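The structure appears right after this line, and notes come after that.
Protein chains: 6
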Amino acid sequence: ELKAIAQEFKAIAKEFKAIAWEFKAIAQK
Amino acid sequence: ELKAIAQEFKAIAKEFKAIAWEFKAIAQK
Amino acid sequence: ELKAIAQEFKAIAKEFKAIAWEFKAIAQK
Amino acid sequence: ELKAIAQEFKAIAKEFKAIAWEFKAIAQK
Amino acid sequence: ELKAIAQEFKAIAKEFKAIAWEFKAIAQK
Amino acid sequence: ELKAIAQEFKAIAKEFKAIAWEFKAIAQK
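Structure (structure tokens):
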């Protein structure tokens with residue numbers, strides 16, 4: 064299902080947004 | 064938090080496993 | 064290095080967000 | 064080839080599983 | 064090991080390069 | 064849509080290539 068693929072990429076985008084935030088904090092640190 | 068990063072990559076791995084499974088099913092058909 | 068990694072993950076997150084939207088568009092065809 | 068895409072996403076999932084495992088080990092320490 | 068993480072991201076980059084190529088061919092098609 | 068997806072995956076591949084290089088730099092510290 065492409066509908067499932069779309070939803071899974073949406074979740075991946077959310078997780079990478081969080082990863083970017085955490086590395087941003089580590090770097091600033 | 065590195066623990067947060069690790070958890071988020073674990074989630075990403077699980078989503079890509081699902082994406083691979085869906086594309087495989089699409090390709091099968 | 065970590066600052067650059069944080070920015071690269073931020074850009075990756077935005078790109079996966081766009082990919083998810085494109086697949087969503089194809090899914091609800 | 065969709066079969067190639069599916070195979071490549073399967074490989075990606077396996078690499079991110081490994082990345083999650085490594086970051087978890089780093090965070091543990 | 065960050066050395067392992069670096070190698071795993073290098074592999075991921077290679078796989079996404081192939082995915083991009085295959086979708087480019089499907090789209091052109 | 065597929066054309067845009069192909070281009071987004073191409074950009075993602077390049078970004079993961081850069082991330083891999085940055086982690087490689089941190090790894091051989």
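Residue numbers (our numbering), protein chains in the order written: chain A, 64 to 92; chain B, 64 to 92; chain C, 64 to 92; chain D, 64 to 92; chain E, 64 to 92; chain F, 64 to 92.
We treat Cβ as the ideally placed atom computed from N, Cα and C, and that holds for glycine.
DSSP, reduced to helix, strand and coil, places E71 of chain C within a helical segment of the structure shown. Taking the Cα of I68 of chain C as reference, the smallest distance to any Cα among F:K87, F:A69 and F:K92 is reached at F:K87.
Across the set B:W84, B:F72 and B:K73, the C-alpha of B:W84 shows the shortest separation from the C-alpha of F72 of chain D. The criterion of a C-beta distance shorter than 8 Å is satisfied by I75 of chain C and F79 of chain A.
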